[PDB]
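This is start33.txt. It holds compact mmCIF, C-alpha atoms and all ligand atoms.
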# COMPACT_ATOMS: atom_id res chain seq x y z
CA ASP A 50 5.23 -18.72 7.49
CA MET A 51 3.46 -15.37 7.39
CA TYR A 52 0.70 -13.98 9.63
CA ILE A 53 -1.43 -10.85 10.12
CA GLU A 54 -1.91 -8.66 13.27
CA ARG A 55 -4.42 -5.76 13.40
CA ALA A 56 -2.83 -2.29 13.49
CA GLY A 57 -5.78 0.14 13.51
CA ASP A 58 -8.97 1.47 11.90
CA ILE A 59 -9.09 3.06 8.45
CA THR A 60 -10.19 6.66 9.13
CA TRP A 61 -9.06 10.18 8.13
CA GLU A 62 -7.48 12.04 11.07
CA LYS A 63 -8.41 15.76 10.98
CA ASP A 64 -5.35 17.89 11.87
CA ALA A 65 -2.51 15.37 11.29
CA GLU A 66 1.20 15.86 10.16
CA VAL A 67 1.06 17.75 6.80
CA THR A 68 4.38 17.00 5.06
CA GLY A 69 5.89 15.96 1.72
CA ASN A 70 6.32 17.39 -1.78
CA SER A 71 4.31 16.60 -5.00
CA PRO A 72 6.70 15.97 -7.93
CA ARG A 73 6.03 15.25 -11.65
CA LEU A 74 8.24 12.22 -12.42
CA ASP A 75 8.56 10.52 -15.83
CA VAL A 76 8.50 6.73 -15.14
CA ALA A 77 8.42 3.27 -16.90
CA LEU A 78 6.62 0.18 -15.51
CA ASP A 79 8.30 -3.07 -16.57
CA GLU A 80 6.78 -6.60 -16.81
CA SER A 81 8.26 -7.43 -13.39
CA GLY A 82 6.19 -4.63 -11.77
CA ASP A 83 9.28 -2.45 -11.17
CA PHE A 84 9.28 1.33 -11.72
CA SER A 85 12.22 3.19 -13.23
CA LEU A 86 12.96 6.84 -14.06
CA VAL A 87 12.97 8.03 -17.67
CA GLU A 88 15.04 11.09 -18.71
CA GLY B 16 -9.85 -16.14 12.43
CA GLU B 17 -9.87 -12.32 12.68
CA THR B 18 -11.76 -10.77 9.76
CA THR B 19 -12.46 -7.25 11.13
CA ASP B 20 -12.20 -4.33 8.65
CA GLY B 21 -9.04 -2.26 9.17
CA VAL B 22 -5.29 -2.04 8.55
CA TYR B 23 -3.06 -5.06 9.42
CA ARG B 24 0.67 -5.79 9.66
CA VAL B 25 2.12 -8.70 7.64
CA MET B 26 4.70 -10.50 9.82
CA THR B 27 7.09 -13.46 9.48
CA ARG B 28 8.96 -15.84 11.79
CA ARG B 29 11.50 -17.28 9.21
CA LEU B 30 14.00 -14.52 10.12
CA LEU B 31 15.44 -13.46 13.55
CA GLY B 32 12.59 -12.80 15.99
CA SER B 33 9.46 -11.39 14.37
CA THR B 34 9.82 -9.19 11.26
CA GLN B 35 7.20 -7.00 9.56
CA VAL B 36 7.48 -7.60 5.75
CA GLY B 37 4.57 -5.29 4.84
CA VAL B 38 1.05 -4.02 5.66
CA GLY B 39 -2.49 -4.66 4.28
CA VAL B 40 -6.18 -3.66 4.19
CA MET B 41 -9.01 -5.94 5.33
CA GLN B 42 -12.33 -4.82 3.82
CA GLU B 43 -15.52 -6.73 2.99
CA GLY B 44 -13.99 -10.05 4.14
CA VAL B 45 -11.00 -9.56 1.73
CA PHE B 46 -7.32 -8.90 2.66
CA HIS B 47 -5.64 -6.59 0.08
CA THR B 48 -1.85 -6.19 -0.03
CA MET B 49 1.18 -5.65 -2.37
CA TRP B 50 2.47 -8.76 -4.18
CA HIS B 51 6.17 -8.20 -3.42
CA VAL B 52 5.36 -8.44 0.37
CA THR B 53 3.96 -12.03 0.42
CA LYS B 54 4.97 -13.32 -3.06
CA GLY B 55 1.43 -14.86 -3.25
CA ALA B 56 2.02 -17.09 -0.20
CA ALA B 57 -0.83 -18.09 2.17
CA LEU B 58 -1.35 -16.00 5.34
CA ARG B 59 -2.43 -16.97 8.89
CA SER B 60 -4.86 -14.88 10.98
CA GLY B 61 -4.78 -16.26 14.50
CA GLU B 62 -5.53 -19.93 13.94
CA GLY B 63 -7.45 -19.21 10.67
CA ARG B 64 -5.80 -19.34 7.24
CA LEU B 65 -6.15 -16.79 4.42
CA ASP B 66 -5.50 -18.06 0.88
CA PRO B 67 -4.68 -15.98 -2.23
CA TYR B 68 -7.62 -15.42 -4.62
CA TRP B 69 -6.34 -12.89 -7.21
CA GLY B 70 -2.83 -11.57 -7.94
CA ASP B 71 -0.70 -9.82 -10.59
CA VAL B 72 3.09 -9.12 -10.49
CA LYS B 73 2.94 -6.09 -12.90
CA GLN B 74 0.20 -4.33 -10.89
CA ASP B 75 2.09 -5.56 -7.74
CA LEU B 76 -1.20 -6.43 -5.97
CA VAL B 77 -2.72 -9.55 -4.29
CA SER B 78 -6.10 -10.24 -2.55
CA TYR B 79 -6.96 -13.02 -0.01
CA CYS B 80 -10.41 -14.70 0.54
CA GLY B 81 -12.02 -12.86 -2.41
CA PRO B 82 -11.70 -10.51 -5.37
CA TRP B 83 -10.15 -6.98 -5.08
CA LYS B 84 -12.78 -4.75 -3.27
CA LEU B 85 -11.10 -1.30 -2.96
CA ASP B 86 -12.23 1.01 -5.82
CA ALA B 87 -12.06 4.71 -4.71
CA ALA B 88 -9.75 6.97 -6.78
CA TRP B 89 -7.62 10.09 -6.16
CA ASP B 90 -9.32 13.12 -7.77
CA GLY B 91 -6.04 14.69 -8.95
CA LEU B 92 -6.70 17.79 -6.81
CA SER B 93 -7.25 17.02 -3.09
CA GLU B 94 -4.68 16.29 -0.39
CA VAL B 95 -4.67 12.67 0.82
CA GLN B 96 -3.42 10.82 3.96
CA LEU B 97 -0.92 7.94 4.13
CA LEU B 98 -1.98 5.67 7.03
CA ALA B 99 1.59 4.49 7.62
CA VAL B 100 2.05 1.42 9.80
CA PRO B 101 5.86 1.34 10.18
CA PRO B 102 7.73 -1.71 11.53
CA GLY B 103 7.48 -1.74 15.34
CA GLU B 104 5.87 1.70 15.52
CA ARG B 105 2.20 2.72 15.91
CA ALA B 106 -0.12 3.51 12.91
CA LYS B 107 0.14 7.23 11.97
CA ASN B 108 -1.82 9.45 9.49
CA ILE B 109 0.55 11.58 7.39
CA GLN B 110 -1.28 14.05 5.18
CA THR B 111 0.30 15.06 1.85
CA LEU B 112 -0.63 16.33 -1.65
CA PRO B 113 0.24 13.74 -4.31
CA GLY B 114 2.45 14.23 -7.34
CA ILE B 115 2.30 12.51 -10.72
CA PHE B 116 3.95 9.50 -12.38
CA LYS B 117 3.91 10.03 -16.16
CA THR B 118 3.89 6.65 -17.94
CA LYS B 119 3.34 5.73 -21.64
CA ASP B 120 -0.11 4.31 -20.53
CA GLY B 121 -1.32 7.33 -18.51
CA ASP B 122 -0.72 9.34 -15.34
CA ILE B 123 -0.83 7.76 -11.83
CA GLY B 124 -0.83 9.53 -8.45
CA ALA B 125 2.34 9.49 -6.33
CA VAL B 126 3.15 10.14 -2.66
CA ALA B 127 6.65 11.47 -1.81
CA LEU B 128 6.84 10.13 1.76
CA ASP B 129 9.80 8.13 3.16
CA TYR B 130 9.23 4.94 5.13
CA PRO B 131 11.04 1.61 5.65
CA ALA B 132 10.33 -1.23 3.17
CA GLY B 133 8.23 -3.00 5.86
CA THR B 134 5.58 -0.27 5.53
CA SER B 135 4.72 -1.58 1.93
CA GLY B 136 0.96 -1.99 1.67
CA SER B 137 -0.18 0.96 3.84
CA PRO B 138 -3.48 2.49 2.65
CA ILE B 139 -3.72 5.95 1.06
CA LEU B 140 -7.00 7.66 2.10
CA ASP B 141 -9.26 10.50 0.94
CA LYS B 142 -11.32 13.10 2.94
CA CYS B 143 -14.22 10.54 2.92
CA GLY B 144 -12.06 7.75 4.49
CA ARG B 145 -12.05 5.59 1.32
CA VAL B 146 -8.90 3.61 0.39
CA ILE B 147 -7.74 5.12 -2.90
CA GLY B 148 -4.64 2.87 -3.19
CA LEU B 149 -1.64 1.20 -1.50
CA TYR B 150 1.78 2.73 -0.77
CA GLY B 151 4.95 0.67 -1.32
CA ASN B 152 5.71 0.36 -5.05
CA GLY B 153 7.73 3.19 -6.55
CA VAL B 154 11.06 4.74 -7.42
CA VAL B 155 14.13 6.36 -5.76
CA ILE B 156 15.02 9.80 -7.17
CA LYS B 157 18.26 11.93 -7.46
CA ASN B 158 18.53 12.80 -3.72
CA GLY B 159 17.96 9.24 -2.45
CA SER B 160 14.38 10.01 -1.37
CA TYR B 161 11.62 7.50 -2.07
CA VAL B 162 8.46 8.25 -4.09
CA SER B 163 5.74 5.60 -4.28
CA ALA B 164 2.87 5.29 -6.74
CA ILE B 165 -0.81 5.24 -5.59
CA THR B 166 -1.41 1.62 -6.60
CA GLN B 167 -5.10 0.77 -6.98
CA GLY B 168 -6.64 -2.52 -8.15
CA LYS B 169 -9.72 -3.01 -10.34
CA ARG B 170 -13.11 -4.09 -8.85
CA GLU B 171 -15.61 -6.50 -10.54
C1 LIG A 201 12.91 -1.39 -5.32
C2 LIG A 201 12.29 -0.15 -4.70
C3 LIG A 201 12.82 1.12 -5.33
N1 LIG A 201 10.84 -0.19 -4.86
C4 LIG A 201 9.99 -0.23 -3.83
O1 LIG A 201 8.91 0.35 -3.84
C5 LIG A 201 10.41 -1.12 -2.65
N2 LIG A 201 9.67 -2.36 -2.59
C6 LIG A 201 9.32 -3.09 -3.73
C7 LIG A 201 8.27 -2.62 -4.54
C8 LIG A 201 7.91 -3.28 -5.69
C9 LIG A 201 8.60 -4.43 -6.05
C10 LIG A 201 9.61 -4.93 -5.24
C11 LIG A 201 10.01 -4.26 -4.08
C12 LIG A 201 10.15 -6.19 -5.86
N3 LIG A 201 9.64 -6.09 -7.24
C13 LIG A 201 8.37 -5.36 -7.20
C14 LIG A 201 10.40 -0.24 -1.40
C15 LIG A 201 9.24 0.00 -0.66
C16 LIG A 201 9.24 0.91 0.41
CL1 LIG A 201 7.79 1.15 1.34
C17 LIG A 201 10.36 1.63 0.76
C18 LIG A 201 11.51 1.43 0.00
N4 LIG A 201 12.73 2.00 0.08
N5 LIG A 201 13.57 1.52 -0.89
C19 LIG A 201 12.86 0.65 -1.59
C20 LIG A 201 11.55 0.53 -1.08
Before we go any further, please render this structure as structure tokens.
Amino acid sequence: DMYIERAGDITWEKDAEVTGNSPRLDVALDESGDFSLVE
Amino acid sequence: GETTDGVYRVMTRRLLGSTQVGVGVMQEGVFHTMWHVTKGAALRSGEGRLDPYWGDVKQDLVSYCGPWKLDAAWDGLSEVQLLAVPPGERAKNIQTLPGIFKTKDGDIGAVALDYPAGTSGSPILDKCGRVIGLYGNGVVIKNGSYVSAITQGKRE
């Protein structure tokens, strides 16, 4: 049986960890909601 | 029970101890999360009970108590923040610039951040503080890294 517990407020934090790349991926969304790469 | 706006963890007791299966967003009396996390099952908030209202496996989204309320969208230009709530660790804003998922039906935003599966459902935010989507449904690329889509539902 599942349950929810609060974890925080939804707010933008000025000056936070700036990390991660921004790629252009070619993808396919199937009927089961799963993503897959297309080449 | 608790219906305060904010980010929540989705936990379970069917496994050893307590396990975090995902995350969600409570807003306007409605609890928004990813479908794969709950599988459309009813949730419990304290002694209160949340029931599913709307859901769709292809979109991989589900809302409790009411219809989907989050409607802000990524502008295609600005940097965004992933409010990651990882299993057992404190909520943490990780700012990034999103990429693109090119599908036959149109382009979708994408965040290339790496978090455990139990973080599925964490809100993606804009400079205004508006939830522009949920993190947790994506693909694994060449180098084993994980890239999630910016999954946003439709409002009524
Ligand atoms: C399969 C995987 C590549 N896709 C994911 O997005 C993982 N969850 C997931 C998402 C959507 C669907 C299901 C599962 C089931 N079918 C619909 C997932 C989430 C997160 Cl936050 C970190 C992850 N690391 N590896 C997978 C992984």
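Distances here use only C-alpha atoms; by that measure, the residue among B:132, B:149, B:57, B:162 closest to residue B:76 is B:149.
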Test item: residues lying within 10 Å of ligand LIG 201 (chain A) with all atoms listed in the file, as a PDB file with C-alpha atoms, in the coordinates of the input:
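Written file, out-v6.pdb:
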ATOM      1  CA  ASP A  79       8.300  -3.070 -16.570  1.00  0.00           C
ATOM      2  CA  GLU A  80       6.780  -6.600 -16.810  1.00  0.00           C
ATOM      3  CA  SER A  81       8.260  -7.430 -13.390  1.00  0.00           C
ATOM      4  CA  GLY A  82       6.190  -4.630 -11.770  1.00  0.00           C
ATOM      5  CA  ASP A  83       9.280  -2.450 -11.170  1.00  0.00           C
ATOM      6  CA  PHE A  84       9.280   1.330 -11.720  1.00  0.00           C
ATOM      7  CA  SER A  85      12.220   3.190 -13.230  1.00  0.00           C
TER       8      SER A  85
ATOM      9  CA  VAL B  36       7.480  -7.600   5.750  1.00  0.00           C
ATOM     10  CA  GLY B  37       4.570  -5.290   4.840  1.00  0.00           C
ATOM     11  CA  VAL B  38       1.050  -4.020   5.660  1.00  0.00           C
ATOM     12  CA  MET B  49       1.180  -5.650  -2.370  1.00  0.00           C
ATOM     13  CA  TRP B  50       2.470  -8.760  -4.180  1.00  0.00           C
ATOM     14  CA  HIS B  51       6.170  -8.200  -3.420  1.00  0.00           C
ATOM     15  CA  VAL B  52       5.360  -8.440   0.370  1.00  0.00           C
ATOM     16  CA  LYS B  54       4.970 -13.320  -3.060  1.00  0.00           C
ATOM     17  CA  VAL B  72       3.090  -9.120 -10.490  1.00  0.00           C
ATOM     18  CA  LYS B  73       2.940  -6.090 -12.900  1.00  0.00           C
ATOM     19  CA  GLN B  74       0.200  -4.330 -10.890  1.00  0.00           C
ATOM     20  CA  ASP B  75       2.090  -5.560  -7.740  1.00  0.00           C
ATOM     21  CA  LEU B  76      -1.200  -6.430  -5.970  1.00  0.00           C
ATOM     22  CA  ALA B  99       1.590   4.490   7.620  1.00  0.00           C
ATOM     23  CA  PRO B 101       5.860   1.340  10.180  1.00  0.00           C
ATOM     24  CA  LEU B 128       6.840  10.130   1.760  1.00  0.00           C
ATOM     25  CA  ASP B 129       9.800   8.130   3.160  1.00  0.00           C
ATOM     26  CA  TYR B 130       9.230   4.940   5.130  1.00  0.00           C
ATOM     27  CA  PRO B 131      11.040   1.610   5.650  1.00  0.00           C
ATOM     28  CA  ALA B 132      10.330  -1.230   3.170  1.00  0.00           C
ATOM     29  CA  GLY B 133       8.230  -3.000   5.860  1.00  0.00           C
ATOM     30  CA  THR B 134       5.580  -0.270   5.530  1.00  0.00           C
ATOM     31  CA  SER B 135       4.720  -1.580   1.930  1.00  0.00           C
ATOM     32  CA  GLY B 136       0.960  -1.990   1.670  1.00  0.00           C
ATOM     33  CA  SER B 137      -0.180   0.960   3.840  1.00  0.00           C
ATOM     34  CA  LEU B 149      -1.640   1.200  -1.500  1.00  0.00           C
ATOM     35  CA  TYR B 150       1.780   2.730  -0.770  1.00  0.00           C
ATOM     36  CA  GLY B 151       4.950   0.670  -1.320  1.00  0.00           C
ATOM     37  CA  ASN B 152       5.710   0.360  -5.050  1.00  0.00           C
ATOM     38  CA  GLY B 153       7.730   3.190  -6.550  1.00  0.00           C
ATOM     39  CA  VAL B 154      11.060   4.740  -7.420  1.00  0.00           C
ATOM     40  CA  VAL B 155      14.130   6.360  -5.760  1.00  0.00           C
ATOM     41  CA  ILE B 156      15.020   9.800  -7.170  1.00  0.00           C
ATOM     42  CA  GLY B 159      17.960   9.240  -2.450  1.00  0.00           C
ATOM     43  CA  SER B 160      14.380  10.010  -1.370  1.00  0.00           C
ATOM     44  CA  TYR B 161      11.620   7.500  -2.070  1.00  0.00           C
ATOM     45  CA  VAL B 162       8.460   8.250  -4.090  1.00  0.00           C
ATOM     46  CA  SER B 163       5.740   5.600  -4.280  1.00  0.00           C
ATOM     47  CA  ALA B 164       2.870   5.290  -6.740  1.00  0.00           C
TER      48      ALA B 164
END
In Å, how far is it from atom CA of residue A:56 to atom CA of residue B:35? 11.8 Å
Work out how far apart atom CA of residue B:115 and atom CA of residue B:89 are and give it in Å to one decimal. 11.2 Å
Quick one: of B:40, B:165, B:143, B:18, who's nearest to residue A:62, counting all atoms listed in the file? B:143
Based on all atoms listed in the file, which of the residues in chain B come within 7 Å of chain A? I want them as a ChimeraX atom specification. /B:21-29,58-60,72-75,106,108-118,126-128,140,142,144,153-154
So the first atom is atom CA of residue B:33 and the second is atom CA of residue B:71; what is the distance between them in Å, to one decimal place? 27.0 Å
Do you know which residues lie at most 12 Å from (-9.0, 16.3, -10.5), with coordinates as in the file and only C-alpha atoms counted, and could you write them as a compact mmCIF listing (two decimals) with C-alpha atoms, in the coordinates of the input?
# COMPACT_ATOMS: atom_id res chain seq x y z
CA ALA B 88 -9.75 6.97 -6.78
CA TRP B 89 -7.62 10.09 -6.16
CA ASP B 90 -9.32 13.12 -7.77
CA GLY B 91 -6.04 14.69 -8.95
CA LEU B 92 -6.70 17.79 -6.81
CA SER B 93 -7.25 17.02 -3.09
CA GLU B 94 -4.68 16.29 -0.39
CA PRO B 113 0.24 13.74 -4.31
CA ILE B 115 2.30 12.51 -10.72
CA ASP B 122 -0.72 9.34 -15.34
CA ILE B 123 -0.83 7.76 -11.83
CA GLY B 124 -0.83 9.53 -8.45
How would stretch 140-166 of chain B read, as a JSON list (two decimals), in the frame of the given file, once N, CA, C and O atoms are built in?
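Saved file out_2.json follows:
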[["chain", "number", "residue", "atom", "x", "y", "z"],
["B", 140, "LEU", "N", -5.60, 7.33, 1.87],
["B", 140, "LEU", "CA", -7.00, 7.66, 2.10],
["B", 140, "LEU", "C", -7.42, 9.01, 1.54],
["B", 140, "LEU", "O", -6.59, 9.88, 1.36],
["B", 141, "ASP", "N", -8.73, 9.21, 1.35],
["B", 141, "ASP", "CA", -9.26, 10.50, 0.94],
["B", 141, "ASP", "C", -10.05, 11.16, 2.10],
["B", 141, "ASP", "O", -10.22, 10.54, 3.15],
["B", 142, "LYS", "N", -10.56, 12.39, 1.91],
["B", 142, "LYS", "CA", -11.32, 13.10, 2.94],
["B", 142, "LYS", "C", -12.59, 12.35, 3.42],
["B", 142, "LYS", "O", -13.10, 12.62, 4.51],
["B", 143, "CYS", "N", -13.07, 11.38, 2.62],
["B", 143, "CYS", "CA", -14.22, 10.54, 2.92],
["B", 143, "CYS", "C", -13.84, 9.33, 3.80],
["B", 143, "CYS", "O", -14.71, 8.76, 4.44],
["B", 144, "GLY", "N", -12.57, 8.92, 3.77],
["B", 144, "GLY", "CA", -12.06, 7.75, 4.49],
["B", 144, "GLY", "C", -11.91, 6.51, 3.61],
["B", 144, "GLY", "O", -11.62, 5.42, 4.11],
["B", 145, "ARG", "N", -12.11, 6.67, 2.29],
["B", 145, "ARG", "CA", -12.05, 5.59, 1.32],
["B", 145, "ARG", "C", -10.63, 5.30, 0.85],
["B", 145, "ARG", "O", -9.88, 6.24, 0.57],
["B", 146, "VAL", "N", -10.25, 4.01, 0.78],
["B", 146, "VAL", "CA", -8.90, 3.61, 0.39],
["B", 146, "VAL", "C", -8.72, 3.77, -1.09],
["B", 146, "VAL", "O", -9.29, 3.00, -1.86],
["B", 147, "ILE", "N", -7.98, 4.81, -1.50],
["B", 147, "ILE", "CA", -7.74, 5.12, -2.90],
["B", 147, "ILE", "C", -6.48, 4.44, -3.49],
["B", 147, "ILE", "O", -6.15, 4.67, -4.65],
["B", 148, "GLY", "N", -5.82, 3.58, -2.72],
["B", 148, "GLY", "CA", -4.64, 2.87, -3.19],
["B", 148, "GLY", "C", -3.72, 2.40, -2.08],
["B", 148, "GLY", "O", -3.98, 2.66, -0.90],
["B", 149, "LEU", "N", -2.63, 1.71, -2.45],
["B", 149, "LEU", "CA", -1.64, 1.20, -1.50],
["B", 149, "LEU", "C", -0.29, 1.85, -1.77],
["B", 149, "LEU", "O", 0.05, 2.12, -2.92],
["B", 150, "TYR", "N", 0.46, 2.10, -0.71],
["B", 150, "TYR", "CA", 1.78, 2.73, -0.77],
["B", 150, "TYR", "C", 2.84, 1.64, -0.64],
["B", 150, "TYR", "O", 2.68, 0.79, 0.23],
["B", 151, "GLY", "N", 3.90, 1.67, -1.44],
["B", 151, "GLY", "CA", 4.95, 0.67, -1.32],
["B", 151, "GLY", "C", 5.57, 0.18, -2.62],
["B", 151, "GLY", "O", 6.49, -0.64, -2.59],
["B", 152, "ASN", "N", 5.11, 0.70, -3.76],
["B", 152, "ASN", "CA", 5.71, 0.36, -5.05],
["B", 152, "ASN", "C", 6.03, 1.66, -5.77],
["B", 152, "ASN", "O", 5.12, 2.37, -6.19],
["B", 153, "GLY", "N", 7.31, 1.96, -5.90],
["B", 153, "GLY", "CA", 7.73, 3.19, -6.55],
["B", 153, "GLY", "C", 9.16, 3.27, -7.02],
["B", 153, "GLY", "O", 9.74, 2.28, -7.48],
["B", 154, "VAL", "N", 9.73, 4.47, -6.93],
["B", 154, "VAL", "CA", 11.06, 4.74, -7.42],
["B", 154, "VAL", "C", 11.88, 5.62, -6.45],
["B", 154, "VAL", "O", 11.31, 6.32, -5.62],
["B", 155, "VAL", "N", 13.21, 5.55, -6.55],
["B", 155, "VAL", "CA", 14.13, 6.36, -5.76],
["B", 155, "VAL", "C", 14.71, 7.42, -6.70],
["B", 155, "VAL", "O", 15.18, 7.10, -7.79],
["B", 156, "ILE", "N", 14.59, 8.69, -6.32],
["B", 156, "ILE", "CA", 15.02, 9.80, -7.17],
["B", 156, "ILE", "C", 16.43, 10.32, -6.80],
["B", 156, "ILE", "O", 17.04, 9.83, -5.85],
["B", 157, "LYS", "N", 16.96, 11.29, -7.60],
["B", 157, "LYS", "CA", 18.26, 11.93, -7.46],
["B", 157, "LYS", "C", 18.81, 12.04, -6.03],
["B", 157, "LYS", "O", 19.96, 11.66, -5.79],
["B", 158, "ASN", "N", 18.03, 12.58, -5.08],
["B", 158, "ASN", "CA", 18.53, 12.80, -3.72],
["B", 158, "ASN", "C", 18.31, 11.64, -2.76],
["B", 158, "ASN", "O", 18.33, 11.84, -1.54],
["B", 159, "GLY", "N", 18.14, 10.43, -3.28],
["B", 159, "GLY", "CA", 17.96, 9.24, -2.45],
["B", 159, "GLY", "C", 16.61, 9.07, -1.79],
["B", 159, "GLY", "O", 16.35, 8.05, -1.15],
["B", 160, "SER", "N", 15.72, 10.07, -1.95],
["B", 160, "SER", "CA", 14.38, 10.01, -1.37],
["B", 160, "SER", "C", 13.51, 9.01, -2.14],
["B", 160, "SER", "O", 13.76, 8.73, -3.31],
["B", 161, "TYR", "N", 12.50, 8.47, -1.48],
["B", 161, "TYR", "CA", 11.62, 7.50, -2.07],
["B", 161, "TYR", "C", 10.23, 8.06, -2.41],
["B", 161, "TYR", "O", 9.61, 8.74, -1.59],
["B", 162, "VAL", "N", 9.75, 7.78, -3.62],
["B", 162, "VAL", "CA", 8.46, 8.25, -4.09],
["B", 162, "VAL", "C", 7.68, 7.05, -4.54],
["B", 162, "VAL", "O", 8.13, 6.35, -5.44],
["B", 163, "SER", "N", 6.55, 6.77, -3.92],
["B", 163, "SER", "CA", 5.74, 5.60, -4.28],
["B", 163, "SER", "C", 4.56, 5.99, -5.13],
["B", 163, "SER", "O", 4.03, 7.08, -4.98],
["B", 164, "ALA", "N", 4.07, 5.07, -5.94],
["B", 164, "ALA", "CA", 2.87, 5.29, -6.74],
["B", 164, "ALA", "C", 1.61, 5.08, -5.84],
["B", 164, "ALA", "O", 1.73, 4.55, -4.73],
["B", 165, "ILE", "N", 0.43, 5.52, -6.30],
["B", 165, "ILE", "CA", -0.81, 5.24, -5.59],
["B", 165, "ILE", "C", -1.39, 4.07, -6.35],
["B", 165, "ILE", "O", -2.09, 4.25, -7.35],
["B", 166, "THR", "N", -1.00, 2.85, -5.94],
["B", 166, "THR", "CA", -1.41, 1.62, -6.60],
["B", 166, "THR", "C", -2.82, 1.20, -6.25],
["B", 166, "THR", "O", -3.06, 0.80, -5.12]]
